Amino acid sequence: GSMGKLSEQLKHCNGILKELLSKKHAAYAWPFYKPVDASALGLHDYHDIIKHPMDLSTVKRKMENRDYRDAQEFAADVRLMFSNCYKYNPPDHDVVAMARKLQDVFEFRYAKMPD
Ligand SMILES: CNC(=O)c1cccn(Cc2ccccc2)c1=O
């Protein structure tokens, strides 16, 4: 059987998540699609610096599995993903410019939460 329907606030969160994964934002969202493969990227200090990795595929799996009990829990994972990028990478890195752009998409639409 299916999972019960997302709450109204979590429907809005799922909408945002679909947008962040959509071809619309692919030019700057792609680094966030899958877990950072630290070994593949040569980032052999990544897991010493980032204790709680997060990425959009993990957020999608957690939404599908009803792991998130409210919008706040969802938003915390999306912000963790951005914070990890801002912690690990120097502020003038191309990936940080991409994070700032995708976070602007996220924060402005998250602000339109129904209540
Ligand atoms: C969330 N991703 C990262 O923190 C990350 C750190 C270092 C390198 N890369 C690859 C990359 C992306 C974009 C431009 C250049 C290189 C990452 O994705």
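Below, each value reflects all heavy atoms present in this structure, side chains not excepted, and no hydrogens, waters or symmetry copies. We count ligands from 1, going down the list as the structure has it; atoms in each ligand are counted the same way. Positions are given from 1 along the sequence.
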Residue, atom name and distance, where the atom is the protein heavy atom closest to [atom]:
atom	value
atom 17 (C) of ligand 1	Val95 CG2, 3.9 Å
atom 9 (N) of ligand 1	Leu41 CD1, 4.0 Å
atom 16 (C) of ligand 1	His93 CE1, 4.0 Å

For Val36, the atoms of ligand 1 under 4.0 Å from one of its heavy atoms are 1 (C), 2 (N)
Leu43 heavy atoms within 4.0 Å reach ligand 1 at atoms 6 (C), 7 (C)
Check your understanding: Hey, does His25 have a side-chain heavy atom less than 4.5 Å from the side chain of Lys101?
Key -> no
Please say whether more than 12 non-hydrogen atoms of neighbouring residues, nucleotides or ligands are located less than 6.0 Å from [atom1] in [X].
X	atom1	answer
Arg66	CZ	yes
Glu8	CD	no
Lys62	NZ	yes

So for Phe32 against ligand 1, with non-hydrogen atoms under 4.0 Å, the contacting part is side chain
Quick look: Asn89 vs ligand 1, heavy-atom contacts under 4.0 Å, and the answer is side chain
Q) Between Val95 and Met54, is there a shared hydrophobic cluster once you connect ILVMFWY residues whose side-chain heavy atoms come closer than 4.5 Å? A) yes
Could you label the plane-to-plane angle of the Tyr68 and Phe74 rings as parallel, tilted or perpendicular, counting under 30° as parallel and over 60° as perpendicular? perpendicular
Check this for me - ligand 1, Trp30, N or O atoms closer than 3.5 angstrom, yes or no?
no
